[PDB]
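Participant: Contents of work07.cif (mmCIF, N, CA, C and O atoms and all ligand atoms) are below:
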```cif
data_upload
loop_
_atom_site.label_atom_id
_atom_site.label_comp_id
_atom_site.auth_asym_id
_atom_site.auth_seq_id
_atom_site.Cartn_x
_atom_site.Cartn_y
_atom_site.Cartn_z
N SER A 2 67.54 2.28 184.53
CA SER A 2 67.13 2.10 183.13
C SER A 2 66.03 1.05 182.95
O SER A 2 66.22 -0.13 183.27
N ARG A 3 64.87 1.50 182.46
CA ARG A 3 63.75 0.59 182.25
C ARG A 3 64.10 -0.45 181.20
O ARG A 3 63.78 -1.64 181.35
N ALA A 4 64.79 -0.04 180.14
CA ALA A 4 65.19 -0.98 179.11
C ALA A 4 66.02 -2.10 179.73
O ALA A 4 65.66 -3.28 179.62
N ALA A 5 67.10 -1.75 180.42
CA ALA A 5 67.94 -2.74 181.09
C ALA A 5 67.13 -3.61 182.04
O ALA A 5 67.43 -4.80 182.21
N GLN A 6 66.13 -3.02 182.70
CA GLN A 6 65.30 -3.71 183.69
C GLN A 6 64.41 -4.80 183.07
O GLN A 6 64.12 -5.82 183.72
N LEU A 7 63.99 -4.62 181.83
CA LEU A 7 63.12 -5.57 181.14
C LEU A 7 63.88 -6.71 180.47
O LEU A 7 63.32 -7.80 180.30
N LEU A 8 65.16 -6.48 180.10
CA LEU A 8 65.93 -7.37 179.24
C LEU A 8 66.28 -8.75 179.81
O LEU A 8 66.35 -9.70 179.01
N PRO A 9 66.45 -8.93 181.13
CA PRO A 9 66.85 -10.25 181.66
C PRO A 9 66.04 -11.39 181.06
O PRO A 9 64.82 -11.28 180.90
N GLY A 10 66.73 -12.48 180.70
CA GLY A 10 66.05 -13.68 180.24
C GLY A 10 66.08 -13.88 178.73
O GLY A 10 67.00 -13.40 178.06
N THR A 11 65.09 -14.60 178.19
CA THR A 11 65.12 -15.06 176.80
C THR A 11 64.23 -14.21 175.90
O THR A 11 63.08 -13.90 176.23
N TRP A 12 64.75 -13.90 174.71
CA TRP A 12 64.06 -13.16 173.66
C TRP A 12 64.22 -13.94 172.38
O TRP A 12 65.29 -14.50 172.13
N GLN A 13 63.17 -13.97 171.56
CA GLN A 13 63.28 -14.54 170.23
C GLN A 13 63.80 -13.47 169.28
O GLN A 13 63.24 -12.36 169.20
N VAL A 14 64.87 -13.79 168.57
CA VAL A 14 65.59 -12.85 167.74
C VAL A 14 65.37 -13.25 166.29
O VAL A 14 65.44 -14.44 165.95
N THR A 15 65.02 -12.26 165.47
CA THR A 15 64.96 -12.37 164.02
C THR A 15 65.78 -11.24 163.44
O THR A 15 65.72 -10.11 163.94
N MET A 16 66.57 -11.54 162.42
CA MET A 16 67.40 -10.53 161.80
C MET A 16 67.34 -10.70 160.28
O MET A 16 66.99 -11.76 159.76
N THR A 17 67.65 -9.60 159.58
CA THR A 17 68.01 -9.61 158.17
C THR A 17 69.33 -8.87 158.02
O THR A 17 69.65 -7.98 158.80
N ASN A 18 70.12 -9.31 157.05
CA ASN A 18 71.41 -8.70 156.77
C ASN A 18 71.43 -8.11 155.36
O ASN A 18 70.46 -8.22 154.59
N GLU A 19 72.60 -7.55 155.01
CA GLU A 19 72.79 -6.86 153.74
C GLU A 19 72.70 -7.83 152.57
O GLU A 19 72.31 -7.43 151.47
N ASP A 20 73.06 -9.09 152.77
CA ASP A 20 73.03 -10.05 151.69
C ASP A 20 71.65 -10.67 151.50
O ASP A 20 71.54 -11.75 150.90
N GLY A 21 70.59 -10.02 151.97
CA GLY A 21 69.27 -10.59 151.75
C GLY A 21 68.99 -11.90 152.45
O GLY A 21 68.14 -12.68 151.98
N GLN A 22 69.68 -12.19 153.54
CA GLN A 22 69.43 -13.37 154.35
C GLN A 22 68.66 -13.00 155.61
O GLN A 22 68.69 -11.86 156.08
N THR A 23 68.02 -13.99 156.18
CA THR A 23 67.39 -13.84 157.47
C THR A 23 67.94 -14.88 158.43
O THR A 23 68.49 -15.91 158.04
N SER A 24 67.78 -14.59 159.71
CA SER A 24 68.20 -15.49 160.77
C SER A 24 67.10 -15.53 161.81
O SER A 24 66.33 -14.57 161.97
N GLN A 25 67.00 -16.66 162.48
CA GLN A 25 66.02 -16.88 163.54
C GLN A 25 66.76 -17.51 164.71
O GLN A 25 67.69 -18.29 164.51
N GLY A 26 66.41 -17.12 165.94
CA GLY A 26 67.13 -17.65 167.09
C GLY A 26 66.76 -16.96 168.38
O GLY A 26 65.65 -16.45 168.53
N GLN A 27 67.69 -17.00 169.33
CA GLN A 27 67.45 -16.42 170.64
C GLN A 27 68.67 -15.65 171.12
O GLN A 27 69.81 -15.96 170.76
N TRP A 28 68.39 -14.72 172.01
CA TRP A 28 69.38 -14.01 172.81
C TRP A 28 68.97 -14.24 174.25
O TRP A 28 67.78 -14.12 174.60
N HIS A 29 69.92 -14.61 175.08
CA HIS A 29 69.66 -14.81 176.50
C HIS A 29 70.49 -13.79 177.27
O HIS A 29 71.71 -13.71 177.06
N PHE A 30 69.82 -13.01 178.12
CA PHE A 30 70.44 -11.92 178.87
C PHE A 30 70.62 -12.30 180.34
O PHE A 30 69.70 -12.85 180.96
N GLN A 31 71.77 -11.94 180.89
CA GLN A 31 72.10 -12.11 182.30
C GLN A 31 72.58 -10.79 182.88
O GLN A 31 73.69 -10.33 182.52
N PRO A 32 71.84 -10.15 183.78
CA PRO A 32 72.33 -8.88 184.34
C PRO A 32 73.65 -9.11 185.06
O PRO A 32 73.88 -10.17 185.64
N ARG A 33 74.56 -8.14 184.93
CA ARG A 33 75.84 -8.19 185.62
C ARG A 33 76.05 -7.04 186.58
O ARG A 33 76.88 -7.16 187.49
N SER A 34 75.34 -5.94 186.39
CA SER A 34 75.46 -4.77 187.23
C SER A 34 74.30 -3.86 186.85
O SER A 34 73.45 -4.24 186.04
N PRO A 35 74.18 -2.68 187.46
CA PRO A 35 73.05 -1.79 187.12
C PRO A 35 73.11 -1.27 185.71
O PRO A 35 72.10 -0.78 185.21
N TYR A 36 74.24 -1.42 185.03
CA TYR A 36 74.41 -0.84 183.70
C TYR A 36 74.73 -1.88 182.64
O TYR A 36 74.90 -1.52 181.47
N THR A 37 74.80 -3.15 183.00
CA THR A 37 75.41 -4.14 182.13
C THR A 37 74.68 -5.47 182.18
O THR A 37 74.20 -5.89 183.23
N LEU A 38 74.60 -6.14 181.03
CA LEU A 38 74.06 -7.49 180.94
C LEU A 38 74.89 -8.28 179.95
O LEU A 38 75.32 -7.74 178.93
N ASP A 39 75.12 -9.56 180.24
CA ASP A 39 75.80 -10.46 179.31
C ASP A 39 74.76 -11.13 178.42
O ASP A 39 73.63 -11.38 178.84
N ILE A 40 75.17 -11.46 177.20
CA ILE A 40 74.32 -12.08 176.18
C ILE A 40 74.96 -13.37 175.69
O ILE A 40 76.17 -13.40 175.43
N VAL A 41 74.14 -14.40 175.51
CA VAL A 41 74.50 -15.57 174.71
C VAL A 41 73.51 -15.71 173.56
O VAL A 41 72.30 -15.56 173.74
N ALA A 42 74.04 -16.00 172.37
CA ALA A 42 73.30 -15.94 171.11
C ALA A 42 73.31 -17.30 170.43
O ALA A 42 74.33 -17.99 170.38
N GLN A 43 72.15 -17.71 169.95
CA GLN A 43 72.03 -19.01 169.31
C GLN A 43 70.97 -18.91 168.22
O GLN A 43 69.93 -18.27 168.43
N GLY A 44 71.23 -19.51 167.05
CA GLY A 44 70.25 -19.46 165.97
C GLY A 44 70.81 -20.04 164.68
O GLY A 44 71.81 -20.75 164.69
N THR A 45 70.15 -19.71 163.57
CA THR A 45 70.52 -20.21 162.25
C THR A 45 70.28 -19.13 161.21
O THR A 45 69.24 -18.47 161.21
N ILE A 46 71.18 -19.02 160.31
CA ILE A 46 70.99 -18.10 159.20
C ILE A 46 70.36 -18.88 158.05
O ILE A 46 70.54 -20.10 157.93
N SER A 47 69.58 -18.17 157.22
CA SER A 47 68.78 -18.78 156.15
C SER A 47 69.61 -19.56 155.12
O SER A 47 69.05 -20.37 154.39
N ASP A 48 70.91 -19.35 155.05
CA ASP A 48 71.79 -20.17 154.22
C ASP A 48 72.28 -21.43 154.94
O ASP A 48 73.13 -22.13 154.41
N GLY A 49 71.80 -21.69 156.17
CA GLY A 49 72.19 -22.88 156.92
C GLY A 49 73.31 -22.68 157.92
O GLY A 49 73.60 -23.59 158.69
N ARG A 50 73.98 -21.53 157.92
CA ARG A 50 75.04 -21.33 158.88
C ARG A 50 74.46 -21.30 160.29
O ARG A 50 73.49 -20.57 160.55
N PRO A 51 75.00 -22.09 161.22
CA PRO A 51 74.57 -22.00 162.62
C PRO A 51 75.19 -20.77 163.30
O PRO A 51 76.31 -20.37 163.01
N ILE A 52 74.42 -20.18 164.21
CA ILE A 52 74.85 -19.03 164.98
C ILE A 52 75.13 -19.45 166.42
O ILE A 52 74.25 -19.98 167.10
N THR A 53 76.35 -19.19 166.87
CA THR A 53 76.74 -19.29 168.28
C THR A 53 77.49 -18.00 168.61
O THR A 53 78.51 -17.71 167.99
N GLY A 54 76.96 -17.21 169.54
CA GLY A 54 77.60 -15.96 169.88
C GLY A 54 77.45 -15.59 171.34
O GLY A 54 76.74 -16.24 172.11
N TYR A 55 78.13 -14.50 171.70
CA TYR A 55 78.04 -13.99 173.06
C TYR A 55 78.55 -12.56 173.02
O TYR A 55 79.19 -12.15 172.06
N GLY A 56 78.24 -11.81 174.07
CA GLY A 56 78.60 -10.40 174.10
C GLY A 56 77.97 -9.71 175.30
O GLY A 56 77.45 -10.37 176.21
N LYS A 57 78.04 -8.38 175.29
CA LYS A 57 77.64 -7.60 176.45
C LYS A 57 76.87 -6.37 176.00
O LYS A 57 77.26 -5.71 175.04
N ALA A 58 75.84 -6.03 176.75
CA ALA A 58 75.02 -4.86 176.48
C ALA A 58 75.24 -3.86 177.60
O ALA A 58 75.15 -4.20 178.79
N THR A 59 75.51 -2.61 177.24
CA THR A 59 75.80 -1.59 178.22
C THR A 59 74.74 -0.51 178.12
O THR A 59 74.41 -0.05 177.02
N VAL A 60 74.22 -0.10 179.27
CA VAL A 60 73.18 0.92 179.32
C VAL A 60 73.74 2.24 178.82
O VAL A 60 74.83 2.67 179.22
N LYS A 61 73.00 2.88 177.92
CA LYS A 61 73.26 4.25 177.47
C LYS A 61 72.25 5.22 178.04
O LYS A 61 72.62 6.24 178.64
N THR A 62 70.97 4.92 177.88
CA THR A 62 69.91 5.76 178.42
C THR A 62 68.80 4.86 178.94
O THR A 62 68.95 3.63 179.03
N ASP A 63 67.67 5.50 179.26
CA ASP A 63 66.54 4.78 179.81
C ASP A 63 66.03 3.72 178.84
O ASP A 63 65.56 2.67 179.28
N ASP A 64 66.10 3.98 177.54
CA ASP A 64 65.53 3.07 176.57
C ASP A 64 66.54 2.48 175.58
O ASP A 64 66.13 1.77 174.65
N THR A 65 67.83 2.74 175.74
CA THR A 65 68.82 2.33 174.76
C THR A 65 70.03 1.70 175.45
O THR A 65 70.46 2.15 176.51
N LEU A 66 70.54 0.63 174.86
CA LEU A 66 71.80 0.03 175.27
C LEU A 66 72.67 -0.16 174.04
O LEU A 66 72.17 -0.34 172.93
N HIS A 67 73.97 -0.12 174.25
CA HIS A 67 74.92 -0.49 173.22
C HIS A 67 75.39 -1.91 173.49
O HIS A 67 75.68 -2.26 174.63
N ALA A 68 75.47 -2.71 172.44
CA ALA A 68 75.85 -4.10 172.60
C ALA A 68 76.97 -4.45 171.63
O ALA A 68 76.94 -4.08 170.46
N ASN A 69 77.96 -5.17 172.14
CA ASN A 69 79.02 -5.77 171.35
C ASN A 69 78.84 -7.29 171.44
O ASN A 69 78.63 -7.83 172.52
N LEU A 70 78.87 -7.96 170.29
CA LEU A 70 78.78 -9.41 170.23
C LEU A 70 79.95 -9.96 169.42
O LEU A 70 80.54 -9.25 168.60
N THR A 71 80.33 -11.19 169.71
CA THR A 71 81.28 -11.92 168.87
C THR A 71 80.73 -13.31 168.58
O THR A 71 80.02 -13.91 169.39
N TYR A 72 81.03 -13.82 167.38
CA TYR A 72 80.40 -15.02 166.85
C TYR A 72 81.44 -16.04 166.43
O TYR A 72 81.85 -16.10 165.25
N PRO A 73 81.84 -16.93 167.34
CA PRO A 73 82.80 -17.98 166.98
C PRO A 73 82.33 -18.88 165.85
O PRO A 73 83.17 -19.39 165.11
N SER A 74 81.02 -19.13 165.72
CA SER A 74 80.54 -19.95 164.61
C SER A 74 80.56 -19.23 163.25
O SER A 74 80.29 -19.88 162.24
N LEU A 75 80.82 -17.92 163.20
CA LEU A 75 80.79 -17.15 161.95
C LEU A 75 82.16 -16.54 161.65
O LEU A 75 82.27 -15.36 161.27
N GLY A 76 83.21 -17.32 161.87
CA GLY A 76 84.56 -16.86 161.65
C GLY A 76 84.99 -15.79 162.62
O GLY A 76 85.95 -15.06 162.34
N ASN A 77 84.36 -15.73 163.79
CA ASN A 77 84.65 -14.75 164.84
C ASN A 77 84.39 -13.31 164.39
O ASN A 77 84.98 -12.38 164.95
N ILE A 78 83.49 -13.09 163.42
CA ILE A 78 83.09 -11.71 163.17
C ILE A 78 82.31 -11.19 164.38
O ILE A 78 81.77 -11.94 165.19
N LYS A 79 82.30 -9.87 164.51
CA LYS A 79 81.70 -9.17 165.63
C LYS A 79 80.56 -8.30 165.13
O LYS A 79 80.38 -8.10 163.93
N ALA A 80 79.75 -7.81 166.07
CA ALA A 80 78.70 -6.86 165.74
C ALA A 80 78.55 -5.86 166.87
O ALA A 80 78.62 -6.21 168.05
N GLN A 81 78.33 -4.61 166.49
CA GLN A 81 78.16 -3.53 167.44
C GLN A 81 76.93 -2.76 167.03
O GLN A 81 76.81 -2.39 165.86
N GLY A 82 76.02 -2.54 167.97
CA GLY A 82 74.80 -1.84 167.64
C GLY A 82 74.04 -1.42 168.88
O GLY A 82 74.51 -1.57 170.01
N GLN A 83 72.82 -0.94 168.65
CA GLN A 83 71.98 -0.42 169.71
C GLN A 83 70.74 -1.28 169.90
O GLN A 83 70.10 -1.70 168.93
N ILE A 84 70.42 -1.52 171.16
CA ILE A 84 69.20 -2.19 171.56
C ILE A 84 68.26 -1.11 172.08
O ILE A 84 68.57 -0.42 173.06
N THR A 85 67.14 -0.92 171.41
CA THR A 85 66.24 0.15 171.77
C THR A 85 64.90 -0.44 172.16
O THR A 85 64.36 -1.32 171.47
N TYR A 86 64.37 0.09 173.25
CA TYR A 86 63.08 -0.32 173.77
C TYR A 86 61.96 0.09 172.82
O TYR A 86 61.97 1.20 172.29
N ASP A 87 61.03 -0.83 172.57
CA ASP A 87 59.79 -0.56 171.84
C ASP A 87 58.54 -0.75 172.67
O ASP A 87 57.59 0.03 172.56
N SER A 88 58.52 -1.81 173.47
CA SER A 88 57.40 -2.13 174.34
C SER A 88 57.91 -3.08 175.41
O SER A 88 59.03 -3.59 175.31
N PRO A 89 57.10 -3.36 176.42
CA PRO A 89 57.55 -4.33 177.42
C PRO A 89 57.93 -5.68 176.80
O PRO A 89 58.68 -6.44 177.42
N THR A 90 57.49 -5.97 175.57
CA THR A 90 57.81 -7.25 174.97
C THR A 90 58.57 -7.14 173.65
O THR A 90 58.75 -8.16 172.96
N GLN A 91 59.04 -5.95 173.27
CA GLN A 91 59.73 -5.86 172.01
C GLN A 91 60.88 -4.84 172.05
O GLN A 91 60.70 -3.70 172.47
N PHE A 92 62.05 -5.25 171.56
CA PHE A 92 63.17 -4.35 171.36
C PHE A 92 63.60 -4.42 169.89
O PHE A 92 63.34 -5.39 169.18
N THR A 93 64.27 -3.38 169.45
CA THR A 93 64.78 -3.32 168.10
C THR A 93 66.31 -3.35 168.12
O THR A 93 66.94 -2.80 169.04
N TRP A 94 66.91 -3.99 167.13
CA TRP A 94 68.36 -4.15 167.03
C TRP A 94 68.83 -3.52 165.73
O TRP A 94 68.34 -3.87 164.65
N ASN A 95 69.78 -2.59 165.83
CA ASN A 95 70.39 -1.92 164.68
C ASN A 95 71.89 -1.89 164.91
O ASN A 95 72.37 -1.24 165.85
N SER A 96 72.64 -2.56 164.04
CA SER A 96 74.05 -2.77 164.30
C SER A 96 74.82 -2.84 162.99
O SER A 96 74.26 -2.93 161.91
N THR A 97 76.14 -2.87 163.14
CA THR A 97 77.05 -3.09 162.02
C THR A 97 78.01 -4.20 162.41
O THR A 97 78.54 -4.22 163.53
N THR A 98 78.24 -5.14 161.49
CA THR A 98 79.20 -6.19 161.74
C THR A 98 80.61 -5.66 161.51
O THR A 98 80.81 -4.57 160.95
N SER A 99 81.60 -6.45 161.95
CA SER A 99 83.00 -6.11 161.75
C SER A 99 83.42 -6.24 160.28
O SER A 99 84.52 -5.80 159.95
N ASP A 100 82.55 -6.75 159.41
CA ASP A 100 82.73 -6.70 157.96
C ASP A 100 82.16 -5.44 157.32
O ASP A 100 82.02 -5.39 156.09
N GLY A 101 81.77 -4.45 158.13
CA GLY A 101 81.13 -3.25 157.62
C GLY A 101 79.70 -3.43 157.13
O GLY A 101 79.16 -2.51 156.52
N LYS A 102 79.06 -4.57 157.40
CA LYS A 102 77.71 -4.84 156.92
C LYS A 102 76.65 -4.49 157.95
O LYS A 102 76.78 -4.80 159.14
N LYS A 103 75.56 -3.91 157.46
CA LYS A 103 74.44 -3.51 158.30
C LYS A 103 73.59 -4.74 158.62
O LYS A 103 73.30 -5.55 157.74
N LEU A 104 73.22 -4.87 159.90
CA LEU A 104 72.50 -6.03 160.40
C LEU A 104 71.49 -5.51 161.41
O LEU A 104 71.88 -4.89 162.40
N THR A 105 70.20 -5.72 161.13
CA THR A 105 69.12 -5.24 161.98
C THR A 105 68.17 -6.38 162.30
O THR A 105 68.18 -7.43 161.64
N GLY A 106 67.36 -6.17 163.32
CA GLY A 106 66.44 -7.20 163.75
C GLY A 106 65.62 -6.76 164.95
O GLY A 106 65.62 -5.60 165.35
N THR A 107 64.92 -7.73 165.52
CA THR A 107 64.00 -7.47 166.60
C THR A 107 64.21 -8.52 167.69
O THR A 107 64.65 -9.64 167.41
N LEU A 108 63.93 -8.12 168.93
CA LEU A 108 63.83 -9.01 170.08
C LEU A 108 62.38 -9.04 170.52
O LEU A 108 61.77 -7.99 170.70
N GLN A 109 61.83 -10.25 170.69
CA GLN A 109 60.41 -10.40 170.98
C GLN A 109 60.22 -11.42 172.09
O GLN A 109 60.98 -12.39 172.21
N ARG A 110 59.16 -11.21 172.87
CA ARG A 110 58.76 -12.17 173.87
C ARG A 110 57.35 -12.73 173.64
O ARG A 110 56.37 -12.00 173.66
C1 LIG A 201 68.83 -14.83 165.00
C2 LIG A 201 70.24 -14.30 165.17
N1 LIG A 201 71.02 -13.83 164.24
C3 LIG A 201 72.20 -13.44 164.83
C4 LIG A 201 73.35 -12.87 164.32
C5 LIG A 201 73.64 -12.64 162.92
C6 LIG A 201 72.73 -12.87 161.88
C7 LIG A 201 73.11 -12.65 160.57
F1 LIG A 201 72.25 -12.84 159.56
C8 LIG A 201 74.39 -12.24 160.27
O1 LIG A 201 74.75 -12.03 158.99
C9 LIG A 201 75.29 -12.04 161.29
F2 LIG A 201 76.52 -11.63 160.98
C10 LIG A 201 74.93 -12.24 162.61
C11 LIG A 201 72.05 -13.72 166.27
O2 LIG A 201 72.86 -13.50 167.15
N2 LIG A 201 70.83 -14.26 166.41
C12 LIG A 201 70.24 -14.69 167.67
#
```
Translate this structure into structure tokens?

Facilitator:
Amino acid sequence: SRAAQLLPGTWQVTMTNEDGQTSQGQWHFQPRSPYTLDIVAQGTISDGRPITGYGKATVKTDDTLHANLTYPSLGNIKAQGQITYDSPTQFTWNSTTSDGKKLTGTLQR
């Protein structure tokens, strides 16, 4: 998977959520196997809430992975979504939180 092959390391993450907030931060990827990478998440939401999270991305196809994250700094809510390749330096994030809220964003280098 080319997508999985590009992901190792640090990406700048920006998101918007359903409540009209934005977040800025990073996702750090660590490959674990040919199909899997671990994630650690750090950032801030526009209302001041700090983001501390972690999770795992699993290869689905050449350009798509499914990722589950959990966020101890956000009352342990979770997020499940797809990481899709856009370019060697950009991925897109489309997910739903465990509160049923839509949460999308981008990964950039
Ligand atoms: C920037 C950023 N926002 C993240 C998560 C996140 C952002 C939000 F705005 C949420 O409402 C929420 F539930 C999770 C994340 O992991 N990073 C790195």

Participant: Just the number, please: distance in Å from CA of residue 2 in chain A to atom O of residue 31 in chain A, one decimal.

Facilitator: 14.1 Å

Participant: List every residue of chain A that has an atom at most 4.5 Å from any atom of ligand LIG 201 (chain A), giving for each one its closest atom pair and the distance in Å to one decimal, counting all atoms listed in the file, sorted by chain and then by ascending residue number, as CSV.

Facilitator:
```
residue,atom,partner,partner_atom,distance
A:14,O,A:LIG201,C1,3.5
A:24,C,A:LIG201,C1,3.7
A:25,C,A:LIG201,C1,3.4
A:26,N,A:LIG201,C1,3.5
A:27,O,A:LIG201,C12,3.4
A:43,O,A:LIG201,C12,3.7
```

Participant: Give me a file of those residues, with N, CA, C and O atoms, as an mmCIF file, keeping the file's coordinate frame.

Facilitator:
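Now in part.cif:
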```cif
data_model
loop_
_atom_site.group_PDB
_atom_site.id
_atom_site.type_symbol
_atom_site.label_atom_id
_atom_site.label_comp_id
_atom_site.auth_asym_id
_atom_site.auth_seq_id
_atom_site.Cartn_x
_atom_site.Cartn_y
_atom_site.Cartn_z
ATOM 1 N N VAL A 14 64.870 -13.790 168.570
ATOM 2 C CA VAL A 14 65.590 -12.850 167.740
ATOM 3 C C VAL A 14 65.370 -13.250 166.290
ATOM 4 O O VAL A 14 65.440 -14.440 165.950
ATOM 5 N N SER A 24 67.780 -14.590 159.710
ATOM 6 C CA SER A 24 68.200 -15.490 160.770
ATOM 7 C C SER A 24 67.100 -15.530 161.810
ATOM 8 O O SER A 24 66.330 -14.570 161.970
ATOM 9 N N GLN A 25 67.000 -16.660 162.480
ATOM 10 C CA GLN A 25 66.020 -16.880 163.540
ATOM 11 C C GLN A 25 66.760 -17.510 164.710
ATOM 12 O O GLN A 25 67.690 -18.290 164.510
ATOM 13 N N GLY A 26 66.410 -17.120 165.940
ATOM 14 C CA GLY A 26 67.130 -17.650 167.090
ATOM 15 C C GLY A 26 66.760 -16.960 168.380
ATOM 16 O O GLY A 26 65.650 -16.450 168.530
ATOM 17 N N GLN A 27 67.690 -17.000 169.330
ATOM 18 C CA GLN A 27 67.450 -16.420 170.640
ATOM 19 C C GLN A 27 68.670 -15.650 171.120
ATOM 20 O O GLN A 27 69.810 -15.960 170.760
ATOM 21 N N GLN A 43 72.150 -17.710 169.950
ATOM 22 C CA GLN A 43 72.030 -19.010 169.310
ATOM 23 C C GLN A 43 70.970 -18.910 168.220
ATOM 24 O O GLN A 43 69.930 -18.270 168.430
#
```

Participant: Give the answer as one residue: which of A:104, A:39, A:72, A:65 has the shortest atom-to-atom distance to residue 86 in chain A, using all atoms listed in the file?

Facilitator: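 With all atoms listed in the file as the atom set, the closest residue is A:65.
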
Participant: Hey, which of A:34, A:23, A:13, A:74 ends up closest to residue 93 in chain A? Count only C-alpha atoms.

Facilitator: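 With only C-alpha atoms as the atom set, the closest residue is A:13.
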
Participant: Just checking: using only C-alpha atoms, which residue out of A:71, A:53, A:45, A:18 ends up closest to residue 106 in chain A?

Facilitator: A:18

Participant: Using only N, CA, C and O atoms, which residue out of A:99, A:107, A:17, A:11 lies closest to residue 81 in chain A?

Facilitator: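 Under the stated criterion, the closest residue is A:99.
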
Participant: Which of these, A:4, A:110, A:30, A:102, has the shortest distance to residue 83 in chain A once you count only C-alpha atoms?

Facilitator: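 Ranked by minimum distance to residue 83 in chain A, first place goes to A:4.
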
Participant: Between atom N of residue 105 in chain A and atom C of residue 37 in chain A, what is the distance in Å, rounded to a tenth?

Facilitator: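 Between these atoms lies a distance of 21.5 Å.
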
Participant: To one decimal place, how far is atom N of residue 22 in chain A from atom C of residue 58 in chain A in Å?

Facilitator: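 Calculated distance between atom N of residue 22 in chain A and atom C of residue 58 in chain A is 26.1 Å.
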
Participant: Out of chain A, which residues get strand (DSSP E or B) from DSSP, as an NGL selection string?

Facilitator: :A and (10-18 or 23-34 or 37-46 or 51-60 or 65-72 or 78-88 or 91-98 or 103-109)

Participant: Excluding residue 59 in chain A and residues on its chain fewer than 6 positions from it, collect all residues at most 8 Å away from it, counting all atoms listed in the file, and give them as number ranges by chain.

Facilitator: A: 5, 35-39, 65-69, 82-84

Participant: Identify, on the basis of only C-alpha atoms, every residue whose closest approach to residue 103 in chain A does not exceed 8 Å; exclude the query and any residue fewer than 5 positions from it along the same chain; express the result as a count of residues only.

Facilitator: 6

Participant: Using all atoms listed in the file, which residues sit within 7 Å of residue 73 in chain A once same-chain residues fewer than 6 positions away are excluded, as a list in words?

Facilitator: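 With the cut-off at 7 Å, the set is residues 51, 53, 54 and 55 of chain A.
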
Participant: Since we have the selection now, will you write its residues out, keeping N, CA, C and O atoms, as a PDB file, in the coordinates of the input?

Facilitator:
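Resulting contents of part_22.pdb:
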```pdb
ATOM      1  N   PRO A  51      75.000 -22.090 161.220  1.00  0.00           N
ATOM      2  CA  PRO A  51      74.570 -22.000 162.620  1.00  0.00           C
ATOM      3  C   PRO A  51      75.190 -20.770 163.300  1.00  0.00           C
ATOM      4  O   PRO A  51      76.310 -20.370 163.010  1.00  0.00           O
ATOM      5  N   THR A  53      76.350 -19.190 166.870  1.00  0.00           N
ATOM      6  CA  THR A  53      76.740 -19.290 168.280  1.00  0.00           C
ATOM      7  C   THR A  53      77.490 -18.000 168.610  1.00  0.00           C
ATOM      8  O   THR A  53      78.510 -17.710 167.990  1.00  0.00           O
ATOM      9  N   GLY A  54      76.960 -17.210 169.540  1.00  0.00           N
ATOM     10  CA  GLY A  54      77.600 -15.960 169.880  1.00  0.00           C
ATOM     11  C   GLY A  54      77.450 -15.590 171.340  1.00  0.00           C
ATOM     12  O   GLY A  54      76.740 -16.240 172.110  1.00  0.00           O
ATOM     13  N   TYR A  55      78.130 -14.500 171.700  1.00  0.00           N
ATOM     14  CA  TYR A  55      78.040 -13.990 173.060  1.00  0.00           C
ATOM     15  C   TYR A  55      78.550 -12.560 173.020  1.00  0.00           C
ATOM     16  O   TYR A  55      79.190 -12.150 172.060  1.00  0.00           O
TER      17      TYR A  55
END
```

Participant: So, counting all atoms listed in the file, which residue among A:109, A:62, A:6, A:77 is closest to residue 92 in chain A?

Facilitator: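 Using all atoms listed in the file, residue 92 in chain A sits closest to A:109.
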